[PDB]
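K.L.:
Fold the following.
(2 chains)
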There are 2 protein chains.
Amino acid sequence: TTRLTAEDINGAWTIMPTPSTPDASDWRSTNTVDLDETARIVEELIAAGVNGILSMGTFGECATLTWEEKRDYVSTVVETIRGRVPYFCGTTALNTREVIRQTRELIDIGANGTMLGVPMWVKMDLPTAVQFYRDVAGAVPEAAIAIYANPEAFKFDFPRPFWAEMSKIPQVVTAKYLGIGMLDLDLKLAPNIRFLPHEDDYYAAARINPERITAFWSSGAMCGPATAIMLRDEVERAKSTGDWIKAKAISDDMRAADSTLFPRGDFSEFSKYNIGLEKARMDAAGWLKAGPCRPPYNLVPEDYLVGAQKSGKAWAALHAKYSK
Amino acid sequence: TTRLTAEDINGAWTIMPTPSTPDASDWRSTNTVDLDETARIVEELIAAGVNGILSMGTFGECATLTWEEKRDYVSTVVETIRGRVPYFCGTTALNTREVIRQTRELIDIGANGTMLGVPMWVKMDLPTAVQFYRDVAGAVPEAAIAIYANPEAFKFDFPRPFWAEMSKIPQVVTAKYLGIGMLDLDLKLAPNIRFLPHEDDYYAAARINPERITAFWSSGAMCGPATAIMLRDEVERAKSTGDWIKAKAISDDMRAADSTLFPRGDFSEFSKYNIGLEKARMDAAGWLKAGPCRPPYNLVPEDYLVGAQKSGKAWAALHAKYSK
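P.N.:
Numbers count the residues shown, from 1 in each chain, chains lettered A, B, ... in the order given. Let me share the structure:
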């Protein structure tokens, strides 16, 4: 049974992509994971001071990797991490039995937990979703669980009584969270979960509840982690001094760097191109090579890609600005 | 390369479930396919006079079967069919490479085609969806394809220019179609596809275009196929005589038998419980045993199940009424 709890989740939790070889967009290609780049990214993230590593959500291409590719990737990540930081794989699948099979194998390789959405061919209702997480936690009690709360991908909306239920499952220690409109209530309903806001929302959420909101998730770190590290460090200081001016400046900079990412500012259009826009942004920032998208999600309108590439450049510029 | 064309698709095409053993709702269970019942259903469908067999869509539990279970099921279906009627498996998956792998293997076992939706973790756009079907058809040209046009399950809406594109792919010979509001236009845009309306819509669609609308899909046949056979036979006669009165009576009977199926008459609520409501309806009609639902989709509100069970009884009553 897992000994991870919410108390162990603090600071900057960075979601890394699954690096692609140049042929990864071709359906004829198998073994499209660049394992040299995977290991290099892991070493640089740990050296930059990240607190934890997440992987294999939507832009991590959980949907489009082969099972053999997933095993190779996680083996390399675990081997390179060498237990220095906690690591969550991603085992979202179309049904409960395949999630359980994948979670057992990846935890055995050495992952500490799974970032887990819900099966989505058929939209789930509340008791079905609760039972799904209870089944997985009871079948694989050694795995910690991060709720992957993505309503666009998974159809289910992750409502208030769902969070109350998750808090009663010991394995559920954290969540890649929604917007923060109901964060105040969800914190009260779910005392045992470290809710991770998106990095851009971390400033506001940490001011709402500085006791509970001690960590955030970041994909911008894949463009250069110094900005997220600085946000973490400055928010820590602001909680003591009451001086949030510099934390506010970093956070406002991050929102500006993200302003061109969503096509026409539309979040539902971003969700349709989530994979290619995130990977294109990372490629443009030049801090790592994310590489091409595996099929079918390998076609993005060129003007949408320009917005993502400009975002990558803005984030790379922030990495330079906040390097220390 | 496949020699099936739309000209080979006529009459009553019945979608069969994947029969479950009694323990199928338990995530601990593997090998939950009742292969004795699978073979029995195939023999009775062929003896009743069905023209073709579809399988492994949503209520066929394509999402929740294991790969080993799928292979066993298709092997038994193919072995029992013995080439007497065409047979489409279902190979919808989360990505293009896994669809191609599954389609190659099931066609090699002996299926003539695949009933194929689109990957749905990320909502697809039009050029991505078109390229997905083109990739699969080119990778497995020996497989005929039935478009599984289910917007609730697959998010993509299957719009007019999509049908124009599908008609230019030789392997795409048929479609489990939408409502018929745009059927007139889609027939004009897609000359090479046999569009299958739902059995309840077949009367209206066959009157719109009796040259093109010669076949329909049915799940009500799993409650007793004599009603669908009678609809097929009577519509054929009506196209010659101009006397649609008896075809109208059968069709109105079928709509009445379906009236309690959707919870509160709400189609989006039906879609959330599509699997359990269809299988519960079949169990209640007593013509075959569909058995329990594989996880996670094994919890249905009890009042919703009553509506499905009453529908199963009404369909069983129609089977008796139209037996000959």
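
K.L.:
Just list what the longest helix belonging to chain A packs against, helices and strands only.
P.N.:
When chain A is scanned for its longest helix (criterion: DSSP state H), the result is helix A:302-321. Packing partners of helix A:302-321 (3 or more CB pairs under 8 Å, 6 or more residues apart in numbering or on different chains; DSSP states H and E): helix A:226-241, helix A:245-257, helix A:274-285. Placement of C-beta: from N, CA and C, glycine included.

K.L.:
what's the closest of those to residue A:139?
P.N.:
With CB to CB as the measure, helix A:274-285 is the member of these nearest residue A:139 (28.9 Å).

K.L.:
ok, the residue of chain A most remote from its centre to residue A:234 distance?
P.N.:
For chain A, the largest distance from the centre (CA atoms, centre = their mean) belongs to residue A:241, which lies 29.9 Å off. The span separating residue A:241 from residue A:234 equals 10 Å under the rule CB to CB, to the nearest Å.

K.L.:
Next: residue A:153.
P.N.:
Residue A:153 is 32 Å from residue A:234, by CB to CB.

K.L.:
what does residue A:318 give?
P.N.:
Taken as CB to CB, the span from residue A:318 to residue A:234 is 13 Å.

K.L.:
Give the phi and psi angles for the closest residue to chain B within the stretch 101-250 of chain A, as a check.
P.N.:
Of all residues in the stretch 101-250 of chain A, residue A:121 sits closest to chain B, at 3.9 Å by CB to the nearest CB. When read as degrees, to the nearest 10, the backbone of residue A:121 gives phi -60, psi -50.

K.L.:
pretty sure it is in contact with residue B:153, am I right?
P.N.:
Yes. If you go by CB atoms under 8 Å, residue A:121 and residue B:153 touch, sitting 5.6 Å apart.

K.L.:
Give me the common contacts of these two.
P.N.:
Common contacts of residue A:121 and residue B:153, defined by CB atoms under 8 Å, 6 or more residues apart in numbering or on different chains, comprise B:58, B:120.

K.L.:
Next to chain B, which bits of the stretch 151-300 of chain A? Give me the list.
P.N.:
A:152-153, A:271-275, A:294-299 (CB under 8 Å from any CB of the partner chain).

K.L.:
These: which two are farthest apart?
P.N.:
Using CB to CB, the two most remote members of those are A:152 and A:295, lying 20.3 Å apart.

K.L.:
ok, the nearest residue to residue A:297 once chain neighbours are set aside - contacts?
P.N.:
Nearest residue to residue A:297, sequence neighbours excluded (CB to CB, 6 or more residues apart in numbering or on different chains): residue A:275, at 4.7 Å. With contact set as CB under 8 Å, 6+ apart, residue A:275 has these partners: A:58, A:59, A:61, A:64, A:293, A:297, B:122.

K.L.:
With residue A:129 instead?
P.N.:
Residue A:129 neighbours (CB under 8 Å, 6+ apart): A:118, A:156, A:158, A:162, B:296.

K.L.:
quick one: which of those is most hemmed in?
P.N.:
For the contacts of residue A:129, neighbours were counted using other CB atoms under 10 Å in any protein chain shown, and residue B:296 has the most, 27 neighbours in all.

K.L.:
quick one: that one from residue B:58, how far?
P.N.:
Distance, residue B:296 to residue B:58, using CB to CB: 14 Å.

K.L.:
Give me the phi and psi angles of residue A:131.
P.N.:
phi -70, psi -30.

K.L.:
How about the contacts made by it?
P.N.:
Applying CB under 8 Å, 6+ apart, we find residue A:131 in contact with B:296, B:299.

K.L.:
picking that back up, going by neighbour count, which of the contacts of residue A:275 comes out on top?
P.N.:
Among the contacts of residue A:275, the one with the most neighbours (other CB under 10 Å) is residue A:61, at 30 neighbours.

K.L.:
now that one, nearest residue through space, not along the chain?
P.N.:
Residue A:61's closest residue in space is residue A:18 (CB to CB, 6+ apart), at 5.1 Å.

K.L.:
is it true that the one you found touches residue A:73?
P.N.:
Yes. Residue A:18 is within contact range of residue A:73, at 5.6 Å (criterion: CB under 8 Å).

K.L.:
any shared contact partners between the two?
P.N.:
With CB under 8 Å, 6+ apart, residue A:18 and residue A:73 have common neighbours A:33, A:38, A:55, A:56, A:65.

K.L.:
The fourth one touches residue A:115, doesn't it?
P.N.:
Yep, that's residue A:56 we're talking about. Yes. Look at residue A:56 against residue A:115 with CB under 8 Å: they come within range, at 6.7 Å.
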